[PDB]
Amino acid sequence: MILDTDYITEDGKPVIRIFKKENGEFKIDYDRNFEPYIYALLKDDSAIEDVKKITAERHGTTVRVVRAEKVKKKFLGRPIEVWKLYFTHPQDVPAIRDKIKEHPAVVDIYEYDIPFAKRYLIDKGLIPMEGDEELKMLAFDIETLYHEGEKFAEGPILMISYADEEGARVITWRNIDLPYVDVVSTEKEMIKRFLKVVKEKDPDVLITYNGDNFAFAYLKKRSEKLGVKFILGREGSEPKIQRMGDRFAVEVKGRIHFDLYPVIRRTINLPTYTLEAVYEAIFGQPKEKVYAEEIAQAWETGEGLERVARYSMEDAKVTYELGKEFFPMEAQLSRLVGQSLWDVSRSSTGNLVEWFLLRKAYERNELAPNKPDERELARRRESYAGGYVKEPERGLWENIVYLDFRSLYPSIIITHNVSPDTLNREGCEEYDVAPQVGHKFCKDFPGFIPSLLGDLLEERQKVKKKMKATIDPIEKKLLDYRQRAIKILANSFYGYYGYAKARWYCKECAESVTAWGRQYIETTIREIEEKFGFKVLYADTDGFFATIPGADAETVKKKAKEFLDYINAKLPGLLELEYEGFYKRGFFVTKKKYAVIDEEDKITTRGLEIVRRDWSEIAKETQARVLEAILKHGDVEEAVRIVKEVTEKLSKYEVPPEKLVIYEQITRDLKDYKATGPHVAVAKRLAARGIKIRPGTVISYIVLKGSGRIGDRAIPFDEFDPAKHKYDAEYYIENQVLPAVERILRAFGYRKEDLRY
DNA sequence: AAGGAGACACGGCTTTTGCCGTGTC
Ligand SMILES: [K+]
Ligand SMILES: [K+]
Ligand SMILES: [K+]
């Protein structure tokens, strides 16, 4: 299968490499014949000669238009005639560009920001990740020596761990006595051995967890300190650290660096995103964390290293298992979009739709819109509207089902033929007209985007049936991946339509989909209420929760399924709800916020978690305790007893001052800060006394009883004397603990006043 | 091997029915 593509310059000429793995054998194919190009639109077909002779100079050499060619295409369905301007080297384009545009005879340019290696994938109709191939895969993690305030990677790496189908192992430069540890002499040797293991195992995929930001950069700086040629590429080269806009991404040539963190962070909601959180959420069991200060100990002592190594072998073992769960999904998205898994797994859905469209656009000789310019952008961004809103029921409900709207939207786009090339077309036989908001969609021919969604959904239906004709759970799981990927992809078109940066943006389409949505959602709600006696507890843009007042779990579930058939059969054409889960009890605070608990007792929240940087254990501990009281034991009064008791204990200084410490971190030379928060004012005055304060320093403070700013009365927990000092219990109650729990409990009728003391 | 550019609430300040500067997930 194709794993990746890139190009290399040689003798000034571009060369495409296609990286494959076919029948257990890695190989690199070459293409020297692929010409870069853009599209230009001309006022008159004659001024071509003035253009076919434009030139700009970059990196010494002058750049010409190696060739022009007049070609006929479609732009948004309507025929268009443009000039396809060829070149010599990909890099020519971002330089000759604005000079071709500026020319008075040129109206516009198109398809001038498509990365050459991706341009290749599309035009030759090549598709990464297709075929039977068993890819060979390796997870790895490192565990470093850390002390607060050190420059990045000043500390040495202590261990490198790796795992795959054969098991996990650790490489460390210190004698430890476990059957999966490989002792070597130094860190320089540790690294070199890791490098050898990778070279020998030759994996197609290296799996990290945030390797994009930590591990690879660490290993880089260390390999420079110790003169190790850090070679992981299959063509003998080092990890290529790349800037993606806001963050970094690391590439290993001829392999697939699969960074789990951006995949899991897109996939699931979570307060935290640690390895041990992620592993737990997905697999059930917890992962016994072993902290940095606890690590530096066992190393500098030499005692309890056998613990610290178990942690590293598990980081690797865990990272592998997560990879194996998440890979087959990203692999499906890669096939579907037709781009490398290295790109796809790092993309937003907005961005998958875009690449998908770009490919299909080509398949259909359809010139692509350009991105928004800077003003056309801001114009869109001001014209923003959301989705379906509905007020929630107060109170704590039982046996609740959740039903999913997300699949309605692409069905709507298909059913009412919603797309920019069908929007307000003059002279049609038939129209669909969006409710409330009035946009007309031609119905004579299928539009571009409805056309392709029709194919995706058909494909999904085909897969879903094939799953029913198979008992083998391995093949069933594999098909299930394909089925869910399509759902993910298809369901991204709604947000995409009103996505300001989108090429095929269309406000009218988004509003139109929102209106038809409101209608079908409203119908569904009316149906489940009137005809099935459900009460709808909460409903937003992607689903609603509902129950039968007073019914029991078996009943509600039976009745929910019956409603699914009824409404799925009744709603027009391809429109269908989906049953996305059941919850023991739950409560719903506003348009956007709620908490529910399932039949295994896993609480889930939305818009309720403490999210502030300057939090405190006492705040977090109390909210946690409240939710458990409400959701797990269904006992609102206990939750009120608990909050009261905490506010009491607070004001009578009997809350362990530890629980009041706030950990905030320093990011720059204090000089540089343009404004001074508390933790910065604490630190600032520590520095005025010549104490070591560096980027990376964790300020740990209490707020004390007094007046005015929080900065003026926050002290280092270090300097806190229980005997002498008095904590600001008013702050901890009003600013910290109560805002964490107030919204939850007002929902049940309780006022702030009731929780106070 | 190529260009890209987010959401969200904190404390504090010649905006307690806002605009920064900030730095987390
Ligand atoms: K022009
Ligand atoms: K239907
Ligand atoms: K913090």
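Within every chain, numbering proceeds from 1 in written sequence order, not necessarily in step with the numbering of the entry, and residues without coordinates do not appear. As a convention, the first chain written is A and the first ligand written is 1, with the rest following in written order. Here the side-chain values reflect all heavy atoms present in the structure, with hydrogen atoms and water set aside. Residues with missing side-chain atoms are left out of burial classes, side-chain pairs and their counts.

Method of determination for the deposited model, per the PDB record: X-ray crystallography, at 2.78 Å resolution.

**Concerning the coordination of the potassium ion (ligand 2)**
Put simply, the rule reads: Donor selection uses N, O and S atoms within 2.8 Å of the metal (3.2 Å for Na, K and Ca). Since no water is included, sites may look incomplete. Each residue gets one of three labels from its accessible area relative to the maximum for its type: buried under 20%, exposed over 50%, partly exposed in between, using a 1.4 Å probe on protein chains only.
Surrounding the potassium ion (ligand 2) are the protein donor atoms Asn568 (O), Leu571 (O), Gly573 (O) and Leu575 (O), at 2.6 to 2.9 Å. Judged by its relative accessible area of 18%, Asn568 is buried.

**Concerning the protein's contact with DNA strand B**
What counts here: Note on terminology: near, applied to a residue and a molecule or strand, indicates that one of the residue's heavy atoms is within 4 Å of it. Polar contact is defined as a pair of N or O atoms within 3.5 Å, subject to the rule that within protein one atom must be able to donate a hydrogen and the other to accept it, and that residues adjacent in sequence are counted only when both atoms are side-chain atoms. The numbering of helices and of strands both runs from the N terminus, where a helix is a DSSP run of H or I of at least 4 residues and a strand a run of E of at least 2. Polarity classes work like this: nonpolar for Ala, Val, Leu, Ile, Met, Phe, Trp, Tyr, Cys and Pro, charged for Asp, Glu, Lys and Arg, and polar for all others, with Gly in that last group.
Taken together, 30 residues sit near DNA strand B, with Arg613, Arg668, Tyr673, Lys674 and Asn735 positioned nearest. Close to the protein, within 4 Å, the atoms of DNA strand B belong to sugar or phosphate groups at a rate of 80%. In the model, a phosphate oxygen of DNA strand B is placed 2.5 Å from a nitrogen or oxygen of the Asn735 side chain. Elements that contribute at least two residues to the surface near DNA strand B include exactly strand 1 (2-10), strand 15 (240-243) and helix 21 (678-687). Its residues placed into classes, the surface near DNA strand B shows nine nonpolar, eight polar and 13 charged.

**Structural notes on the coordination of the potassium ion (ligand 1)**
Within the protein, the atoms that donate to the potassium ion (ligand 1) are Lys101 (O), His103 (O) and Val106 (O), at distances of 2.7 to 2.9 Å. Read in sequence order, the donor residues for the potassium ion (ligand 1) give the motif K-x1-H-x2-V.

**Remarks on the pattern of salt bridges**
Let me state the cut-off plainly: For this analysis, a salt bridge means a side-chain nitrogen from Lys or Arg found within 4 Å of a carboxyl oxygen belonging to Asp or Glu.
The final tally for this structure, using the stated rule, is 64 salt bridges. Where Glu294 meets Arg307, a salt bridge forms, and the shortest distance between an N and an O atom there is 2.6 Å. One end of the pair, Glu294, is in helix 8 (residues 292-301); the other, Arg307, is in helix 9 (residues 305-337), and 13 residues separate them in sequence. Using a relative accessible area of 30% as the deciding quantity, one classes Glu294 as partly exposed.

**Some details on the UniProt feature "disulfide bond" in chain A**
Let me state the cut-off plainly: Disulfides are defined as pairs of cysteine sulfur atoms found within 2.5 Å of each other. UniProt positions are given in the numbering used here, feature names are shortened, and annotations may be inferred rather than shown by experiment.
Sulfur atoms of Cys428 and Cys442, annotated by UniProt as disulfide partners, sit 3.1 Å apart, at or beyond the 2.5 Å cut-off, so no bond is formed. Here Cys428 is to be found in the loop between helix 13 (408-415) and strand 20 (431-433). Residue position: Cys442 is located in strand 21 (residues 440-442). The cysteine pair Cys506 and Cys509, annotated by UniProt as disulfide-bonded, shows a sulfur separation of 3.3 Å, at or beyond the 2.5 Å cut-off, so the bond is absent here. Relative to the helices and strands, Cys506 is located in the loop between helix 16 (493-497) and helix 17 (507-530). Tracing the chain through its elements places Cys509 in helix 17.

**Some remarks on helix 4 (residues 187-201)**
In plain terms, the rule: Any helix carries an expected span of 1.5 Å times its number of residues minus one. Note: the arc covers the axis-to-C-beta directions of the helix. Here, two residues are considered to be in contact whenever any of their heavy atoms come within 4.5 Å of each other.
In this model, helix 4 (15 residues) spans 21 Å end to end at C-alpha, consistent with the 21 Å of a helix rising 1.5 Å per residue. Residues of helix 4 that are buried include every one of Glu187, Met190, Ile191, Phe194, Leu195, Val197, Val198 and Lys201, and no others. Projected onto a plane normal to the axis of helix 4, the buried residues spread over an arc of 155 degrees and lie on a single side. Helix 4 presents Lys199 and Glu200 as exposed residues on the side facing more than 90 degrees away from its buried surface. Looking at the buried positions of helix 4, the neighbouring elements they touch are strand 10 (137-144), strand 11 (157-164), strand 12 (167-172), strand 14 (205-208) and helix 5 (215-225). Trailing helix 4 by a residue or two, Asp202 shows a phi angle of about 40 degrees, which is positive.

**Remarks on the domain arrangement of chain A**
Convention followed: Residue ranges for the domains trace back to a domain assignment, done automatically or taken from a database. When two components associate, each loses some accessible surface as probed by a 1.4 Å sphere; the sum of these losses over both components is called the buried area.
What the domain assignment reports for chain A is domain 1 (1-130 + 348-368), domain 2 (131-347), domain 3 (369-446 + 500-585), domain 4 (447-499) and domain 5 (586-757). Between the C-alpha centres of domain 2 and domain 4 there is a distance of 32 Å. In this assembly, eight residues from domain 2 lie in contact with 10 residues from domain 4. Taking both partners together, domain 2 and domain 4 bury about 860 Å²; carbon and sulfur atoms supply 69% of that area. Counting the surface domain 2 buries against domain 4, the share from its top three residues, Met329, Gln332 and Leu336, is 61%. The tally of links between domain 2 and domain 4 comes to one salt bridge. In this structure, the salt-bridge partner of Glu325 is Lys477, at a minimum N-O distance of 3.0 Å. Run the count over domain 2 and domain 4 and you get three residue pairs in polar contact. The residue inventory of the side of domain 2 that touches domain 4, partitioned by class, reads four nonpolar, one polar and three charged.

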